[PDB]
$ cat coords02.pdb   # PDB, N, CA and C atoms and all ligand atoms
ATOM      1  N   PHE A   1       0.829  -1.235   0.000  1.00  0.00           N
ATOM      2  CA  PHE A   1       0.000   0.000   0.000  1.00  0.00           C
ATOM      3  C   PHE A   1       0.848   1.263   0.000  1.00  0.00           C
ATOM      4  N   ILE A   2       0.241   2.416  -0.317  1.00  0.00           N
ATOM      5  CA  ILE A   2       0.904   3.708  -0.282  1.00  0.00           C
ATOM      6  C   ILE A   2       0.053   4.575   0.631  1.00  0.00           C
ATOM      7  N   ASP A   3       0.644   5.185   1.688  1.00  0.00           N
ATOM      8  CA  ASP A   3      -0.107   6.001   2.636  1.00  0.00           C
ATOM      9  C   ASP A   3      -0.155   7.436   2.105  1.00  0.00           C
ATOM     10  N   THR A   4      -1.348   7.933   1.734  1.00  0.00           N
ATOM     11  CA  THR A   4      -1.464   9.133   0.918  1.00  0.00           C
ATOM     12  C   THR A   4      -1.368  10.418   1.714  1.00  0.00           C
ATOM     13  N   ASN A   5      -1.692  10.392   3.025  1.00  0.00           N
ATOM     14  CA  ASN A   5      -1.463  11.537   3.891  1.00  0.00           C
ATOM     15  C   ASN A   5      -0.265  11.374   4.823  1.00  0.00           C
ATOM     16  N   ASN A   6       0.316  10.161   4.904  1.00  0.00           N
ATOM     17  CA  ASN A   6       1.595   9.915   5.554  1.00  0.00           C
ATOM     18  C   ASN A   6       1.533   9.878   7.089  1.00  0.00           C
ATOM     19  N   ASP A   7       0.575   9.138   7.689  1.00  0.00           N
ATOM     20  CA  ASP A   7       0.408   9.091   9.122  1.00  0.00           C
ATOM     21  C   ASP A   7       0.881   7.781   9.740  1.00  0.00           C
ATOM     22  N   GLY A   8       1.237   6.775   8.919  1.00  0.00           N
ATOM     23  CA  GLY A   8       1.765   5.498   9.386  1.00  0.00           C
ATOM     24  C   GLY A   8       0.708   4.431   9.473  1.00  0.00           C
ATOM     25  N   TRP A   9      -0.495   4.721   8.958  1.00  0.00           N
ATOM     26  CA  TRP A   9      -1.598   3.774   8.901  1.00  0.00           C
ATOM     27  C   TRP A   9      -2.312   3.862   7.566  1.00  0.00           C
ATOM     28  N   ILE A  10      -2.669   2.692   7.017  1.00  0.00           N
ATOM     29  CA  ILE A  10      -3.355   2.558   5.754  1.00  0.00           C
ATOM     30  C   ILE A  10      -4.864   2.488   6.004  1.00  0.00           C
ATOM     31  N   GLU A  11      -5.637   3.413   5.408  1.00  0.00           N
ATOM     32  CA  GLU A  11      -7.071   3.444   5.608  1.00  0.00           C
ATOM     33  C   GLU A  11      -7.710   4.148   4.430  1.00  0.00           C
ATOM     34  N   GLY A  12      -9.037   4.014   4.291  1.00  0.00           N
ATOM     35  CA  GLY A  12      -9.839   4.714   3.286  1.00  0.00           C
ATOM     36  C   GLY A  12      -9.494   4.411   1.845  1.00  0.00           C
ATOM     37  N   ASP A  13      -9.048   5.453   1.130  1.00  0.00           N
ATOM     38  CA  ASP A  13      -8.688   5.438  -0.265  1.00  0.00           C
ATOM     39  C   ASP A  13      -7.333   4.780  -0.520  1.00  0.00           C
ATOM     40  N   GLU A  14      -6.500   4.659   0.525  1.00  0.00           N
ATOM     41  CA  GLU A  14      -5.161   4.100   0.476  1.00  0.00           C
ATOM     42  C   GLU A  14      -5.187   2.590   0.198  1.00  0.00           C
ATOM     43  N   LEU A  15      -6.249   1.919   0.670  1.00  0.00           N
ATOM     44  CA  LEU A  15      -6.489   0.490   0.545  1.00  0.00           C
ATOM     45  C   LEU A  15      -7.057   0.082  -0.830  1.00  0.00           C
ATOM     46  N   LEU A  16      -7.411   1.082  -1.675  1.00  0.00           N
ATOM     47  CA  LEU A  16      -8.191   0.926  -2.891  1.00  0.00           C
ATOM     48  C   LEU A  16      -7.654  -0.030  -3.953  1.00  0.00           C
ATOM     49  N   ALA A  17      -6.331  -0.059  -4.173  1.00  0.00           N
ATOM     50  CA  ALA A  17      -5.736  -0.788  -5.273  1.00  0.00           C
ATOM     51  C   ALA A  17      -5.711  -2.332  -5.082  1.00  0.00           C
TER
HETATM   52 LA    LA A 101      -3.417   7.199   6.160  1.00  0.00          LA
END
$ encode --input "coords02.pdb" --output "structure tokens"
Amino acid sequence: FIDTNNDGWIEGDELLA
């Protein structure tokens, strides 16, 4: 995954792919 706001947790739109 790629964390799009960079907080150290994958959630929301980050999990999409
Ligand atoms: La995040």
$ closest_atom_pairs --input "coords02.pdb" --of "chain A" --to "ligand LA 101 (chain A)" --cutoff "6.5 Å" --atoms "all atoms listed in the file" --output "Markdown table"
| residue | atom | partner | partner_atom | distance |
| --- | --- | --- | --- | --- |
| A:3 | CA | A:LA101 | LA | 5.0 |
| A:4 | N | A:LA101 | LA | 4.9 |
| A:5 | N | A:LA101 | LA | 4.8 |
| A:6 | N | A:LA101 | LA | 4.9 |
| A:7 | N | A:LA101 | LA | 4.7 |
| A:8 | N | A:LA101 | LA | 5.4 |
| A:9 | C | A:LA101 | LA | 3.8 |
| A:10 | N | A:LA101 | LA | 4.6 |
| A:11 | N | A:LA101 | LA | 4.5 |
$ residues_around --input "coords02.pdb" --residues "residue 1 of chain A" --least-positions-apart "6" --cutoff "9 Å" --atoms "only C-alpha atoms" --output "PyMOL selection string"
chain A and resi 10+14-17
$ select_by_dssp --input "coords02.pdb" --residues "chain A" --states "helix (DSSP H, G or I)" --output "ChimeraX atom specification"
/A:12-15
$ write_last_selection --input "coords02.pdb" --atoms "N, CA and C atoms" --output "short mmCIF file (atom, residue, chain, number, x, y, z; two decimals), in the coordinates of the input"
data_model
loop_
_atom_site.label_atom_id
_atom_site.label_comp_id
_atom_site.auth_asym_id
_atom_site.auth_seq_id
_atom_site.Cartn_x
_atom_site.Cartn_y
_atom_site.Cartn_z
N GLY A 12 -9.04 4.01 4.29
CA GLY A 12 -9.84 4.71 3.29
C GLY A 12 -9.49 4.41 1.84
N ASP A 13 -9.05 5.45 1.13
CA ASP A 13 -8.69 5.44 -0.26
C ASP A 13 -7.33 4.78 -0.52
N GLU A 14 -6.50 4.66 0.52
CA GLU A 14 -5.16 4.10 0.48
C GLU A 14 -5.19 2.59 0.20
N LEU A 15 -6.25 1.92 0.67
CA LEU A 15 -6.49 0.49 0.55
C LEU A 15 -7.06 0.08 -0.83
#
